[PDB]
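Read the structure below first, then the notes.
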Amino acid sequence: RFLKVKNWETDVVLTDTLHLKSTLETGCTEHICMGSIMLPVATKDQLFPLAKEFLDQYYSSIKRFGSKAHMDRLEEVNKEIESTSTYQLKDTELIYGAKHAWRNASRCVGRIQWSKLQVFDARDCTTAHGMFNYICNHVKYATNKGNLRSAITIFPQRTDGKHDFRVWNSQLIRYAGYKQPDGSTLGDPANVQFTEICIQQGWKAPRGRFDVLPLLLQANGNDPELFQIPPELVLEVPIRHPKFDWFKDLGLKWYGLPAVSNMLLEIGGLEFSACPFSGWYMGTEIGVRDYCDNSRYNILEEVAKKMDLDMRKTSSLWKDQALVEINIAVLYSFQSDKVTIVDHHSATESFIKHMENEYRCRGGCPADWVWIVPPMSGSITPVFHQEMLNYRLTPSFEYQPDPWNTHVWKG
Amino acid sequence: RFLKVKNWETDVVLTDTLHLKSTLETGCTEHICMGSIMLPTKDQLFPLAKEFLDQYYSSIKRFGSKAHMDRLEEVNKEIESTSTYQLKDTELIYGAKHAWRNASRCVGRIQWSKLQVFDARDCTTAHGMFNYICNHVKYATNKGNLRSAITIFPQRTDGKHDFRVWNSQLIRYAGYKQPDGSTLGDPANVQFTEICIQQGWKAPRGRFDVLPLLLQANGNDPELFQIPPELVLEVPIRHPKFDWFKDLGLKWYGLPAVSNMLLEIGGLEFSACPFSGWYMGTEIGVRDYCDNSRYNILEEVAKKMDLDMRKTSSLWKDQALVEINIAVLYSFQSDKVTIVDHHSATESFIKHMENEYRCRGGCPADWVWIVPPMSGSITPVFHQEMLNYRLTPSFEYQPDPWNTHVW
Ligand code: HEM
Ligand code: HEM
Ligand SMILES: Cc1cc(N)nc(C[C@@H]2CNC[C@H]2NCCNCCc2cccc(F)c2)c1
Ligand SMILES: Cc1cc(N)nc(C[C@@H]2CNC[C@H]2NCCNCCc2cccc(F)c2)c1
Ligand SMILES: C[C@H](O)[C@H](O)[C@H]1CNc2nc(N)[nH]c(=O)c2N1
Ligand SMILES: C[C@H](O)[C@H](O)[C@H]1CNc2nc(N)[nH]c(=O)c2N1
Ligand SMILES: [Zn+2]
C-alpha cells in the first residue's frame with residue numbers, strides 16, 4: 001500500500017509508505033470520518049511486544065539492528081518484564097523516545113524542530129517538592145532570557161496506576177480565571193475550574209486579569225501540593241501595537257513560554273503521565289485563540305470599538321479587521337522584547353519543507369490538517385493546499401483525563 | 001452506533017444516528033484518516049432503486065402503503081425489461097433536493113428545500129442544452145436577486161451516450177499562457193481555454209473573458225456557444241474606504257454554477273446537472289483573487305496600501321486579504337446582487353445543523369471544507385465537531401470529459 005498526497009498549489013505529489021508501520025486506531029471507519037472530533041494498567045502479555053517494536057525501532061535508528069547489543073537488550077528487557085512486570089528505559093532510549101513522540105505528533109506544526117529537544121530525565125524524583133524543583137529548572141532553561149529552547153522533563157513512569165505522577169495544571173504557566181456572581185469572568189475563562197481547585201487547595205488568589213496560576217503537583221499518587229513559580233522565572237510580554245498607541249491601554253500581556261503539562265508520553269509500552277514539554281509560540285495561538293475566542297479573553301469588540309470600525313453589519317468584516325490588528329500587535333510585542341515567536345506564514349512554510357523531507361527520508365509524515373492549518377488566513381498559508389494523511393505512530397503523546405476527575409483523595 | 005458531536009464554544013452536544021444509513025465509503029479506515037484528500041447492471045440497479053423509493057415514500061408518510069408497494073413493483077418491472085427506469089417528476093425533485101441536502105462540503109444547505117428543479121430530460125442536442133442553460137442562467141440570476149436552481153439532462157444509458165457540460169462552471173473567465181511566461185486571466189482554466197480555441201473559439205485574450213459553453217449531447221462531439229452577455233451579471237469591484245481600489249480593473253460574475261458534477265438518484269446517473277446558488281464572499285475574495293495559483297493579487301493590493309512587505313510578520317498579506325474581502329462584499333451589496341459573508345453563512349449553517357439533528361438525526365459535514373478559508377476560528381463552525389459520511393442521493397465528481405471522450 002503506497003498512498004499519494006498532492007499539493008494543489010505546486011502539484012508536488014508525495015508517496016506514503018510509513019502509514020504501514022502504524023499500529024493504533026484513528027476513530028474513523030470506512031463509513032465515517034471523525035477527523036474533526038477533538039477526542040475520538042498494562043499486562044505482561046501486552047508489554048513485551050510493545051517493548052520489542054520500540055527497541056527494534058531504536059536499534060534500527062542507530063544502525064545496530066540485529067547486533068549483539070540489540071539482542072542482549074531485548075533479552076534483558078524481557079527478563080526484567082518477567083521479573084518485575086515492567087522495565088526501565090536507558091537514558092539514550094528515553095531521549096530517542098521523547099524526540100520521536102514529538103516527531104510523531106500529527107497536530108504539531110512545529111515539528112521541523114523535533115530533533116532539537118532538550119530532555120530532562122526526572123525519573124529519580126520522589127516528591128512534589130522534587131517535582132517543583134525540576135519544573136523551575138525546566139522553565140529557566142527553556143526560557144533562556146527570551147531565546148527560547150525546546151525542552152521536556154520526564155517524571156517516573158506509571159506502575160500500578162495508583163502511584164501516578166501528575167502535573168494538575170494543563171500548562172506550566174497560565175492565567176487564573178474567576179467567575180463573578182453576575183456571571184462575567186475575570187481573567188481567562190478556560191482556567192475557571194482549575195483556579196477554583198487551587199483556591200480550595202489554599203491558594204490565595206490576587207483576583208486580577210492576569211494572575212499566573214500556582215503549580216499543583218502530584219507525586220507517587222499522593223494528594224497534589226501547591227507551589228508558586230518564582231515570578232522572576234516567568235517571562236511576560238506587555239502587548240502593544242506598532243501604529244496604534246491606544247493598544248497598550250487595553251492592559252494586555254501574555255507569557256512567553258508555552259508548556260503543555262497534561263499529556264501522557266508513551267514509549268515502548270511505558271506510560272509517562274507527567275512529562276511537561278515546551279517550545280515557543282506561533283503568534284496566532286495567542287492573538288487568534290487566547291485573545292479572540294468568544295470563550296477566552298474575547299477582546300474583538302473592544303478592539304473594534306477603539307478602531308472605530310463599522311460594527312452594524314458582520315459584512316463590514318470588522319471582526320476580521322480587528323483580528324489582524326491584534327495578531328500584528330502580538331508579533332510586534334514579542335519581537336521588540338526579543339522573545340522567540342513565529343508567525344503563521346513562516347511556521348507553515350517550514351512545516352511544508354519538514355513534511356517533504358520526512359516523506360523523502362522516512363516514508364511519510366502523519367499530519368492532522370484540521371489542526372495544522374492556522375485559525376486565521378487559512379488559504380494564504382501553504383498547508384491549506386497540502387493534502388495530508390493522519391495516522392498514529394508510537395512513541396506518542398496522548399491525552400489523559402483531568403486528574404481531579406480520577407484522583408483518590410487520601411487526606 | 002450512536003455518535004456525539006460537541007461544540008467547544010457553546011457546549012451544545014448533538015447525537016448522530018443518521019450515519020447508520022450511510023452506504024458509500026469515505027476513503028478513511030480504522031488506521032488512516034483521509035479527511036484532507038480532495039478526491040478520496042440489472043442486479044446492481046434494483047436495490048439502489050428500492051433504497052431510494054423507500055426513503056421517498058417514508059418522506060411523504062406513505063411507507064408500506066399501496067402506492068409505495070405498487071411503485072416498487074412498477075420499477076422492478078421496468079428494470080427487468082429495459083435495464084433502467086424513469087423517475088417520476090416528484091421523485092426527481094425529491095432526489096435533487098436531497099443530493100444538495102446530503103452535500104457534506106456545502107455550507108449553504110440551510111436553503112436545500114428551496115431549489116428550483118428544471119427537468120431537461122426531454123433534451124436531445126447541444127443547441128437544446130444551450131437553450132436550457134440560458135433559461136437556467138436567466139431564472140437563477142433574476143436581475144441580481146439570485147434563486148437556487150438545477151437543470152437536469154438525460155440520465156446515462158450505456159455510458160457512450162453521455163450528456164456532459166465540459167465547463168466546470170457555467171460562467172468562468174479564460175486563462176491564457178503568454179510569451180512572457182506569466183498567465184493572463186484565470187490560470188485554473190488555461191487547459192479548458194485551449195480546448196475552446198482548439199474547437200474554434202475566437203478568444204478576445206483579456207483578463208476577464210467569459211468562456212463559451214462547450215456542450216456534449218448524447219455522446220456526440222461537443223459544440224461551442226457564447227452565453228448572451230446580457231444574461232451574465234457581473235460586479236465591478238470597488239472599496240468603501242479606498243478610492244484607488246476600482247483601478248485594479250477587477251470584477252467578478254454574480255452566478256456561481258457548478259456544471260461538472262454527477263447527480264446520482266436511486267442508482268440513476270445524471271452526468272449533466274448544472275446547479276447554481278449564490279456566492280459566499282470568501283470564495284471570490286480569498287480563493288479566486290488570492291490563491292497563489294489563481295488571480296494572485298495580494299502583492300498588488302499590499303503595494304497600493306503601502307504596507308510593510310519586507311517581513312511576513314507584519315501580516316501585510318493578512319491585512320490586504322481582509323480589505324479585498326470587504327471590497328467584494330461592498331460591491332455585490334451596492335449592486336444588489338445576492339452575496340453572503342462567511343460570518344452569516346456559518347452562523348446559518350450551525351442553525352441548519354441543529355435543525356437537521358433534531359429533525360433528521362444528523363447532518364453529514366466535512367469540516368475541512370465548511371470552515372472558511374479566512375478567519376476560521378472567529379466563525380462558529382471552527383469550534384463545531386462534525387461527522388462526515390456519504391448519503392445518497394448525492395452529487396459526485398467525475399472525470400473531465402476530454403480525458404474520456406471518444407471523438
Ligand atoms: C518549538 C516550537 C513549537 C511550535 C511553534 C509548536 C506549535 C504547535 C501548535 C500551533 C499546535 C496546535 C495546538 C493548538 O493550536 O492548540 C501544537 C500542538 C502540539 N504540539 Fe507543538 N509546537 C512546538 C513545540 C512542540 C514540542 C517541543 C512538543 C513536544 C516535545 C510539541 C508537541 C505537540 C503536541 C503533542 C501537540 C498536540 C496538542 C494537543 O493535541 O492538544 N510541540 N504545536
Ligand atoms: C445558496 C447558496 C449556496 C452557498 C452560499 C453555497 C456555498 C458553498 C461553498 C462555500 C462551497 C465550498 C466550495 C468551494 O470552496 O469551492 C460549496 C460546495 C458545494 N456545494 Fe454549495 N452553496 C450554495 C448553493 C448550492 C446548491 C444550490 C447546490 C446544489 C443544488 C450546492 C451543492 C454543493 C456541492 C455538491 C459542493 C461540493 C462541490 C465540490 O466539492 O466542489 N450548493 N457550497
Ligand atoms: C509545546 C507547545 C508549543 C506551542 N507553540 N504550542 C503548543 C500548543 C498547546 C498544547 N495543546 C494545545 C495548546 N494548548 C491549548 C489547550 N488546549 C488543549 C487541547 C484540547 C482541548 C480539548 C480537547 C482536546 F482533545 C484537546 C505546545
Ligand atoms: C452552487 C454553488 C454555490 C456556491 N456559492 N459555491 C459553489 C462551489 C463551487 C463549486 N465547486 C467549487 C466552487 N468553485 C470554485 C472552483 N474550484 C473547483 C474545486 C475543485 C478543483 C480541483 C479538484 C477538485 F476536486 C475540486 C457552488
Ligand atoms: C471541532 C474542531 O475539531 C476543534 O475546534 C479544533 C479545530 N482545529 C484546531 N486546531 C488547533 N491548532 N487547535 C485547536 O484547538 C483546534 N480546535
Ligand atoms: C488539500 C485540501 O484538502 C484542499 O486545499 C481543500 C481544503 N479545504 C477546502 N475547502 C473549500 N471550501 N474549498 C476547497 O477548495 C478546499 N480545498
Ligand atoms: Zn477520517
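Each chain of the C-alpha cells is named A, B, ... in the order shown, its residues numbered from 1; ligands are numbered from 1 in display order.
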
request  = Enumerate as a VMD selection string the residues belonging to chain A that approach chain B to within 7 Å, with only C-alpha atoms taken into account.
outcome  = chain A and resid 9 22 24 to 37 293 295 314 to 317 320 to 321 324 328 331 343 345 369 to 370 375 to 380 387 to 391

query = ligand 1: which residues are within 7 Å, counting only C-alpha atoms and all ligand atoms, as a PyMOL selection string?
reply = chain A and resi 98-99+102+105+107-111+113-114+117+150-152+277-282+285+342+347+371-372+397

inquiry  = At a cut-off of 12 Å, using only C-alpha atoms, what residues contact residue 243 of chain B? Leave out same-chain residues fewer than 4 positions from it and give the result as number ranges by chain.
reply    = B: 237-239, 247-248, 304-305, 327

ask   = If we count only C-alpha atoms, what is near residue 259 of chain B at a cut-off of 6 Å, once residues fewer than 4 positions away on the same chain are taken out, given as a ChimeraX atom specification?
value = /B:168-169,274

Could those residues be written to a file, using C-alpha atoms, as a CSV table (one decimal), in the first residue's frame?
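Final file, result33.csv:
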chain,number,residue,atom,x,y,z
B,168,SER,CA,-16.5,23.2,-14.7
B,169,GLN,CA,-18.9,26.2,-14.1
B,274,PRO,CA,-25.6,22.2,-13.7

Name the residues in contact with segment 121-129 of chain B at a cut-off of 6 Å, using only C-alpha atoms, excluding same-chain residues fewer than 3 positions from it; report them as a PDB file with C-alpha atoms, in the first residue's frame.
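See selection_9.pdb below for the written result:
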ATOM      1  CA  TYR B 132     -31.963  25.099 -21.215  1.00  0.00           C
ATOM      2  CA  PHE B 153     -30.340  16.484 -18.566  1.00  0.00           C
ATOM      3  CA  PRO B 154     -30.997  12.855 -19.639  1.00  0.00           C
ATOM      4  CA  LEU B 215     -21.745  21.203 -24.685  1.00  0.00           C
ATOM      5  CA  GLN B 216     -21.964  17.497 -25.370  1.00  0.00           C
ATOM      6  CA  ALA B 217     -25.302  15.844 -26.115  1.00  0.00           C
TER       7      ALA B 217
END

inquiry  = Neighbouring residues of ligand 4 are defined here as those with any atom at most 6 Å from a ligand atom, counting only C-alpha atoms and all ligand atoms; list them as a PyMOL selection string.
reply    = chain B and resi 38-39+256-258+275-280

message = List as a ChimeraX atom specification the protein and nucleic acid residues lying within 8 Å of ligand 2, with only C-alpha atoms and all ligand atoms counted.
response = /B:38,96-97,99-100,103-109,111-112,115,147-150,258,261,275-280,282-283,287,339-340,345,369-370,372,394-397

How would the residues just picked look written out with N, CA, C and O atoms as a compact mmCIF listing (two decimals), in the first residue's frame?
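The resulting result-v2.txt:
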# COMPACT_ATOMS: atom_id res chain seq x y z
N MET B 38 -8.57 15.69 -1.38
CA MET B 38 -9.61 16.33 -2.18
C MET B 38 -10.53 15.30 -2.87
O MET B 38 -11.75 15.50 -2.89
N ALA B 96 -33.09 15.50 -6.31
CA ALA B 96 -32.26 16.70 -6.44
C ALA B 96 -32.11 17.47 -5.13
O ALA B 96 -30.99 17.85 -4.76
N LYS B 97 -33.21 17.68 -4.41
CA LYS B 97 -33.17 18.49 -3.19
C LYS B 97 -32.36 17.79 -2.14
O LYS B 97 -31.62 18.42 -1.39
N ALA B 99 -29.92 15.46 -2.77
CA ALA B 99 -28.50 15.45 -3.13
C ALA B 99 -27.78 16.71 -2.57
O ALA B 99 -26.64 16.63 -2.10
N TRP B 100 -28.45 17.86 -2.65
CA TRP B 100 -27.93 19.10 -2.06
C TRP B 100 -27.92 18.96 -0.55
O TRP B 100 -26.92 19.20 0.09
N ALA B 103 -24.94 17.04 0.62
CA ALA B 103 -23.62 17.52 0.21
C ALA B 103 -22.79 17.99 1.42
O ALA B 103 -22.95 19.13 1.89
N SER B 104 -21.91 17.13 1.91
CA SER B 104 -21.28 17.38 3.21
C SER B 104 -20.31 18.58 3.21
O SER B 104 -19.98 19.12 4.25
N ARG B 105 -19.89 18.97 2.01
CA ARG B 105 -18.95 20.04 1.80
C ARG B 105 -19.63 21.37 1.62
O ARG B 105 -18.95 22.39 1.48
N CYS B 106 -20.97 21.38 1.63
CA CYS B 106 -21.73 22.61 1.36
C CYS B 106 -22.20 23.32 2.63
O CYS B 106 -22.97 22.77 3.42
N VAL B 107 -21.73 24.54 2.83
CA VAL B 107 -22.12 25.35 3.96
C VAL B 107 -23.48 26.01 3.76
O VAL B 107 -24.08 26.52 4.74
N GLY B 108 -23.96 26.04 2.52
CA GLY B 108 -25.18 26.79 2.21
C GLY B 108 -26.46 25.95 2.27
O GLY B 108 -27.49 26.37 1.72
N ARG B 109 -26.43 24.81 2.94
CA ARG B 109 -27.55 23.87 2.88
C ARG B 109 -28.81 24.27 3.64
O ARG B 109 -29.85 23.64 3.45
N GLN B 111 -30.70 26.18 2.87
CA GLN B 111 -31.54 26.57 1.76
C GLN B 111 -32.01 25.36 0.95
O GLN B 111 -32.73 25.51 -0.04
N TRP B 112 -31.63 24.15 1.36
CA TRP B 112 -31.76 22.97 0.49
C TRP B 112 -33.15 22.72 -0.07
O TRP B 112 -33.29 22.18 -1.18
N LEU B 115 -35.00 24.84 -3.85
CA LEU B 115 -34.23 24.61 -5.05
C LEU B 115 -35.31 24.49 -6.14
O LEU B 115 -36.28 23.77 -5.97
N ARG B 147 -31.72 33.06 -7.30
CA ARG B 147 -32.51 31.92 -6.84
C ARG B 147 -31.79 30.64 -7.22
O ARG B 147 -31.28 30.51 -8.33
N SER B 148 -31.75 29.71 -6.27
CA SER B 148 -31.09 28.43 -6.47
C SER B 148 -31.86 27.62 -7.50
O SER B 148 -33.11 27.61 -7.50
N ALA B 149 -31.11 26.90 -8.34
CA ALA B 149 -31.66 26.11 -9.42
C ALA B 149 -30.75 24.99 -9.85
O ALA B 149 -29.53 25.08 -9.76
N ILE B 150 -31.35 23.93 -10.38
CA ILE B 150 -30.59 22.88 -11.04
C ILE B 150 -31.33 22.52 -12.34
O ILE B 150 -32.56 22.50 -12.38
N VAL B 258 -22.05 25.27 -10.67
CA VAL B 258 -21.27 24.07 -10.90
C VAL B 258 -21.89 23.19 -11.96
O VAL B 258 -23.05 22.77 -11.82
N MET B 261 -20.46 18.16 -12.17
CA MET B 261 -20.70 17.06 -11.25
C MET B 261 -21.73 16.06 -11.76
O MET B 261 -22.37 16.29 -12.79
N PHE B 275 -25.92 23.16 -11.50
CA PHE B 275 -26.66 23.78 -10.41
C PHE B 275 -25.98 25.07 -9.96
O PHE B 275 -24.78 25.26 -10.20
N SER B 276 -26.74 25.93 -9.32
CA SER B 276 -26.27 27.26 -9.00
C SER B 276 -26.97 27.73 -7.74
O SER B 276 -28.09 27.30 -7.47
N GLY B 277 -26.30 28.58 -6.97
CA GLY B 277 -26.92 29.23 -5.79
C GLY B 277 -26.48 30.69 -5.82
O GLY B 277 -26.78 31.40 -6.77
N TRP B 278 -25.76 31.14 -4.80
CA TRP B 278 -25.13 32.46 -4.77
C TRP B 278 -23.86 32.35 -3.93
O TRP B 278 -23.69 31.40 -3.16
N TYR B 279 -22.97 33.32 -4.10
CA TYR B 279 -21.64 33.24 -3.50
C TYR B 279 -21.59 33.55 -2.02
O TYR B 279 -22.35 34.39 -1.50
N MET B 280 -20.66 32.89 -1.34
CA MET B 280 -20.16 33.38 -0.07
C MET B 280 -18.95 34.22 -0.48
O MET B 280 -18.17 33.79 -1.34
N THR B 282 -15.95 35.04 0.53
CA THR B 282 -14.61 34.47 0.54
C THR B 282 -14.27 33.61 -0.67
O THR B 282 -13.10 33.48 -1.00
N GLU B 283 -15.26 32.97 -1.30
CA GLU B 283 -14.97 32.16 -2.48
C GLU B 283 -14.27 33.04 -3.54
O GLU B 283 -13.29 32.63 -4.14
N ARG B 287 -10.22 32.95 -2.30
CA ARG B 287 -9.76 31.89 -3.19
C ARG B 287 -9.50 32.36 -4.64
O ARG B 287 -8.39 32.19 -5.16
N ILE B 339 -25.25 38.06 -2.06
CA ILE B 339 -23.98 37.52 -1.62
C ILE B 339 -24.13 37.30 -0.12
O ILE B 339 -24.91 38.02 0.54
N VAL B 340 -23.39 36.32 0.43
CA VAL B 340 -23.37 36.15 1.87
C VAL B 340 -21.92 36.23 2.40
O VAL B 340 -20.98 35.71 1.76
N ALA B 345 -23.00 33.11 6.77
CA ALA B 345 -23.20 31.76 6.20
C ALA B 345 -22.94 30.66 7.24
O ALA B 345 -23.68 29.68 7.35
N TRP B 369 -13.82 21.56 4.55
CA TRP B 369 -14.50 22.38 3.55
C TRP B 369 -15.45 23.46 4.08
O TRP B 369 -15.55 24.53 3.47
N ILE B 370 -16.12 23.16 5.19
CA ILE B 370 -17.09 24.08 5.79
C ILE B 370 -16.43 25.32 6.43
O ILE B 370 -16.98 26.43 6.37
N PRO B 372 -14.42 28.46 6.65
CA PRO B 372 -13.96 29.41 5.60
C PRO B 372 -12.44 29.51 5.49
O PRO B 372 -11.73 29.24 6.47
N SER B 394 -26.86 11.87 -4.13
CA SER B 394 -25.68 12.69 -3.93
C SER B 394 -25.18 13.35 -5.20
O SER B 394 -25.52 12.94 -6.30
N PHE B 395 -24.35 14.37 -5.02
CA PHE B 395 -23.50 14.88 -6.08
C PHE B 395 -22.12 14.27 -5.91
O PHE B 395 -21.58 14.25 -4.81
N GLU B 396 -21.55 13.80 -7.01
CA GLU B 396 -20.23 13.17 -7.03
C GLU B 396 -19.38 13.83 -8.12
O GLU B 396 -19.90 14.32 -9.12
N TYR B 397 -18.06 13.72 -7.97
CA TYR B 397 -17.17 14.11 -9.04
C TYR B 397 -17.10 13.06 -10.14
O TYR B 397 -17.41 11.88 -9.94

inquiry  = With only C-alpha atoms as the counted atoms, please give the residues lying no more than 8 Å from residue 83 of chain B, apart from itself and same-chain residues fewer than 4 positions off, as an MDAnalysis selection string.
reply    = chainID B and resid 41:42 78:79
